[PDB]
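Engineer:
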Amino acid sequence: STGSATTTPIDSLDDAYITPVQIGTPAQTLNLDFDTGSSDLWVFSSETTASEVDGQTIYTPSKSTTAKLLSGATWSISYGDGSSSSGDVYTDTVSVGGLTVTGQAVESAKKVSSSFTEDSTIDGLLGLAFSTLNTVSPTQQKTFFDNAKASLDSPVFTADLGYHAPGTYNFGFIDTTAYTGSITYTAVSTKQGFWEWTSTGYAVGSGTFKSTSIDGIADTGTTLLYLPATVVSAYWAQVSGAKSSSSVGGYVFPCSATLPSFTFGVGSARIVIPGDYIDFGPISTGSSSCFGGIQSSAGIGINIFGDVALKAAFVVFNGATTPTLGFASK
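Residues in the sequence shown are numbered consecutively from 70, following mature numbering (1 follows the signal peptide of the UniProt record, and there is no 0).
1) Just reading off the alpha helix (DSSP H) that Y304 is part of, what are its end residues?
2) Can you grab the Cα-Cα spacing for the pair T201 / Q210, in whole Å?
3) In whole angstroms, what is the alpha-carbon distance linking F213 and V225?
4) Find the nearest neighbour of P323 within the set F383, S356, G388, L82, judged by alpha-carbon distance.
5) Output the distance between the C-alpha atoms of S325 and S366, rounded to the nearest integer angstrom.
6) Once you ignore the five residues that flank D215 on each side, which residues in its own chain have a CB closer than 7 angstroms to its CB?
7) For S220, collect the residues of the same chain with a Cβ closer than 7 angstroms to its Cβ; drop the 5 residues on either side in sequence, then sort them by chain order.
8) For the segment 202-264, which segments carrying the alpha helix (DSSP H) assignment without a break, of at least 4 residues, lie completely within its bounds, in sequence order?
9) Just to confirm the assignment: which complete beta strand (DSSP E) runs, minimum length 3, are found wholly within the segment 95-155?
10) Would you call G141 buried or exposed, if buried means 16 or more other Cβ atoms sit within 10 Å of its Cβ?
11) Three or more C-beta pairs under 8 angstroms: does that hold for the segment 255-269 against the segment 227-243?
12) Can you list, in chain order, the residues of its chain with a C-beta nearer than 6 angstroms to that of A389? Leave out the 5 residues immediately preceding and following it.
13) Closest to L328 by CA distance: which of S337, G334, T299, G362 is it?
14) Does the beta-carbon distance from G149 to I369 come in below 8 angstroms?
15) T160: buried (16+ other C-beta within 10 angstroms of its C-beta) or exposed?
16) Starting from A378, follow the alpha helix (DSSP H) in both directions and report where the run begins and ends.
17) Could you tell me the alpha carbon to alpha carbon distance between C359 and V335, rounded to whole angstroms?
18) Can you tell me which of the three DSSP states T190 falls into?
19) What three-state label does DSSP hand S200 in the structure shown?
20) Over the uninterrupted beta strand (DSSP E) stretch that includes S358, give me the two end residues.
21) Distance check for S183 and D288, CA to CA, integer angstroms please.
22) Find out if the Cβ-Cβ distance for the pair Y254, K399 is shorter than 8 angstroms.
23) DSSP beta-bridge partners for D284?
24) In angstroms, rounded to a whole number, what distance separates the CA positions of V205 and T129?
25) By Cβ distance below 6 angstroms, which residues in the same chain neighbour residue 403 in space, the five residues on each side in sequence not counted?
26) Can you tell me where the beta strand (DSSP E) with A74 in it begins and where it stops?
27) Quick check: the Cα distance between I373 and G285, rounded to an integer number of angstroms?
28) Take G375 and list the residues in its own chain whose beta-carbon comes closer than 6 angstroms to its own, dropping the five residues that flank it on each side.
29) Just to confirm before moving on: does the CB-CB distance between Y238 and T76 stay below 8 angstroms?
30) Can you tell me whether DSSP reads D83 as helix, strand or coil?
31) Report the three-state DSSP secondary structure of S325 (helix, strand or coil).
Rendered as structure tokens:
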């Protein structure tokens, strides 16, 4: 089997991407944030504290003839941005772009933190990291990809995120029309539960490539590109007036600037992020200070190849017995 679904930016900055997902019988369609940096499929629901719902579409398990309470199971997750959610668990039928999993754990939110409530466009998350990170207790549950894998034509999914435009998540096949050149594959460590790999270096604009190993994670659920402070300083030093602002929380730059590109290495191959992809717009409405899309990871503990980087590539998440990642230009 295969599946193919369009993913759409939630706003004019590509702050996140939503993908329609069918849950239950008859189908209830929710727009979920596909997140290769986490491993829980959770949704706003009829159980979510009413004051914490503000415009999201909710899953109502009592209206699904295939929903079953997973007795005793609870979940609770905290994300790197400080947001969180928790609740109980149902199993139900879940379909993405024509690919159907029966018995998928659907984690129903009883509580969500303010940033979720405040984002009316995201109805929940669909985790695509390794199932060892799933938070369900006392019986850990599998991701949608893990449950579908055996049925797929090939045990892979691909992320093709757009810049200011829709893109595609495919399951079970590699669309050879969606990228240019060849796909370069690189090793993955699953020891932390992430799609963790080592970039071979970087360049700023037309500058020379610096060969240096950068361990990080391919994370579709993180907006920006988080890299070591040395790398980030070298980038912003090429932008007149750019500075790190403790009060804003990162590097800012004059909105009048033209940003240089940023290149990262994948083995001997190179992915080029155009300068425009690094502009996240005014820090507050009407400001002439703009927020940068490349930020320091120094306070995180891990480097993160978020959407800013991934949207410049066609990315293969290869879930073969020894997983690997593939990157192509497009």
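Just so it is clear, CB atoms sit at the ideal spot from N, CA and C, and this is done for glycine as well.
Structural biologist: According to the structure data:
1) Under the DSSP assignment, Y304 falls in the alpha helix (DSSP H) whose first and last residues are 298-305.
2) Approximately 9 angstroms, taken between the alpha carbons.
3) The C-alpha of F213 lies about 12 angstroms from the C-alpha of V225.
4) Taking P323 as reference, the option from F383, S356, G388, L82 with the minimal CA-CA separation is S356.
5) One C-alpha to the other measures close to 26 angstroms.
6) Cβ neighbours of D215 beyond the five flanking positions: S200.
7) The residues are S70.
8) Taken in chain order, the complete alpha helix (DSSP H) segments of 4 or more residues contained in the segment 202-264 are 213-217.
9) Within the segment 95-155, the beta strand (DSSP E) runs of at least 3 residues that lie entirely inside it are, in chain order, 97-104, 110-112, 137-147.
10) Flag for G141 reads exposed.
11) Contact between the segment 255-269 and the segment 227-243 is absent, with fewer than three C-beta pairs closer than 8 angstroms.
12) The beta carbon of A389 lies closer than 6 angstroms to those of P224 in the same chain, with the five residues before and after it left out.
13) Considering only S337, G334, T299, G362, the residue with the shortest C-alpha distance to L328 is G362.
14) In contact: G149 and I369 (Cβ atoms closer than 8 angstroms).
15) So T160 counts as buried.
16) Unbroken alpha helix (DSSP H) run through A378: 376-379.
17) Distance between the alpha carbons of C359 and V335: 29 angstroms.
18) Correct three-state label for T190: coil.
19) Under the three-state reduction of DSSP output, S200 falls in the helix class.
20) If you look at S358, you'll find it in the beta strand (DSSP E) that goes 358-361.
21) Between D288 and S183, the C-alpha separation is close to 22 angstroms.
22) In this structure, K399 does not lie closer than 8 angstroms to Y254 by Cβ.
23) In DSSP, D284 forms a bridge with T267.
24) Rounded to the nearest whole angstrom, the C-alpha separation of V205 and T129 is 20 angstroms.
25) Shown here, the chain extends from 70 to 399; a query on residue 403 therefore has no answer.
26) In the DSSP assignment, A74 falls within the beta strand (DSSP E) that extends over 72-78.
27) Distance from the CA of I373 to the CA of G285, rounded to the nearest whole angstrom, comes to 5 angstroms.
28) Excluding sequence neighbours, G375 sits near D288, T291, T292, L293, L294.
29) In this structure, the beta-carbon distance from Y238 to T76 falls below 8 angstroms.
30) For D83, the secondary structure class from DSSP, reduced to helix, strand or coil, is coil.
31) If DSSP states are grouped into helix, strand and coil, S325 belongs with coil.
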